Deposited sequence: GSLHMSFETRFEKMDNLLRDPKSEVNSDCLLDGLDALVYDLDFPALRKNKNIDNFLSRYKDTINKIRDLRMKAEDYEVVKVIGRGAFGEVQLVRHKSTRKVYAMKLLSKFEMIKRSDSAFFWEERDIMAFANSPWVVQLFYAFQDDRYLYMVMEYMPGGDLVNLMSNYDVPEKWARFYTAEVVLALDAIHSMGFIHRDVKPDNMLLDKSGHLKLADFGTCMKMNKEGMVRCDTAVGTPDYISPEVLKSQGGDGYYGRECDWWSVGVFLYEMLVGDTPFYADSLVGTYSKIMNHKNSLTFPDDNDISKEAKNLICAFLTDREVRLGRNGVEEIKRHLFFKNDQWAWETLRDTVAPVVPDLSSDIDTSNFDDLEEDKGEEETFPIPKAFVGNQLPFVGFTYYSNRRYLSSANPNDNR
């Protein structure tokens, strides 16, 4: 550990996209500091005042040069969540079409929990898997966190099940794609915890890709509303497979296995699954098995596809697209330092 060796080691940390002290993450620190200090009450402090005087125009210049919401033309809102929305966007300069997820910093600060997105960021950006929705850019302003992802024109599997009477042949395909998709997540050292058809999106070819990773959690050393498993409602990766069985049941029956008009009713039905759980014999066998060993099950035995070439085969529903923007498959001032921008330092990612 003697420089220029430790100088090279320092230079690697500034260039690495996976690094928390990366050039883009360091700019976030100064950007957040300027946002959180620029108030008349705080400017009474000579240290705060003079720091802001020096990094005044230069941070405004940085804000102009860096990626912002103004660089994207919003076509239409294609999704909504608890803390934000997903909009179909087109980059004004490149004319490239994307899906932009927005997360309200106000809501993340108000009702606490402002760390859920860190899992979603690392998964979507560093997966490099055909089973995960790719994150091209991540940026932020004083109000929102923005996630520029690849657009999925095929829509979600909730929309597919509502528009089609799903046969067992189709059910075999989509379940198998989810199995391969979840295995990639586990291989990355993560557990989904919210496997559902709303989080299963289809591309232009009609193939599955997992989304909404705001419920994920990184595994330790060894690996430790109806879709929830009894263990969650210390555990391994086997908890996500329960939700696969829930998904397979709903796909073939048309209703969730533990449905109740009262949410508390579903909770009691999940805990009593042994007496609560009420097509073919092998499909029923798989649902009950969840309620390589998954891949070896008789339900997946077919003459159309193979596990290693499944994504290369023709999907059951290939979306009819007219354009690159086709959406037919979609329906206080502080009196002292508070540091509201601090939980969001290091969110900015660009790739290449």
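Can you give me the gaps, meaning deposited-sequence stretches with no C-alpha coordinates, in sequence order?
Going by the record, the segments left unmodelled (no C-alpha atoms) fall at 1-4, 229-237, 247-253, 299-304, 318-329, 370-381, 403-415.
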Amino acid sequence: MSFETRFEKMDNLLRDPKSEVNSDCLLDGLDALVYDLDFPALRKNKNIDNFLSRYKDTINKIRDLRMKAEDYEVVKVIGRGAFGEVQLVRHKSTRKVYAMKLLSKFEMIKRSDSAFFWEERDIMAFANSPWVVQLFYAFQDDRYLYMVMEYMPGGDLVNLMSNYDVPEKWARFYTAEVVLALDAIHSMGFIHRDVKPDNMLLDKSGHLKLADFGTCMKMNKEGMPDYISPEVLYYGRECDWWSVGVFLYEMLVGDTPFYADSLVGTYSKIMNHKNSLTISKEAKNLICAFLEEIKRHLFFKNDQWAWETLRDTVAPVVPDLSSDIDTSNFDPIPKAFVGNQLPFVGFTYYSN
From here on, numbers count along this sequence of modelled residues.
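Definition used throughout: the rigid core is the maximal C-alpha set that superposes within 1.5 Å between two forms.
Between 32-40 and 49-57, which one shows the bigger average Cα displacement from this form in 9 other deposited structures of this protein once the rigid core is aligned?
More C-alpha displacement in 9 other deposited structures of this protein shows up in 49-57.
Comparing C-alpha positions in 9 other deposited structures of this protein against this form, with the rigid core used for the fit, which stretch differs more, 309-317 or 282-290?
It is 282-290 whose C-alphas lie farther from the shown form in 9 other deposited structures of this protein.
Quick check on the record: does 151-159 or 102-110 carry the larger mean Cα temperature factor?
According to the entry, 151-159 carries the higher average C-alpha B-factor.
Going by the average Cα B-factor in the PDB entry, point out whether 177-185 or 255-263 comes out higher.
It is 255-263.
Of the options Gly214, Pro225, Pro130, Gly81, which has the highest CA B factor as deposited?
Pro225 has the highest C-alpha B-factor of those listed.
For the listed residues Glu85, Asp142, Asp122, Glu282, which one has the largest C-alpha B-factor as given in the deposited model?
Spelled out: the listed residue with the top C-alpha B-factor is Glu282.
Looking at the entry's B-factor column for C-alpha atoms only, identify whether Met67 ranks in the lowest, middle or highest third of its chain.
For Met67, whose C-alpha B-factor we compare with every modelled residue in the chain, the answer is the lowest third.
Give the position of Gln134 by CA B-factor within its chain, expressed as the lowest, middle or highest third.
Lowest third, going by the recorded CA B-factors of the chain.
Should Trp241 be placed in the lowest, middle or highest third of its chain by the C-alpha B factor in the entry?
It falls in the middle third of the chain.
How does the C-alpha B factor of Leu202 compare with the rest of the chain: lowest, middle or highest third?
Middle third, going by the recorded CA B-factors of the chain.
Using only modelled residues of the chain, where does the Cα B factor of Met271 rank: lowest third, middle third or highest third?
CA B-factor rank for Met271: highest third.
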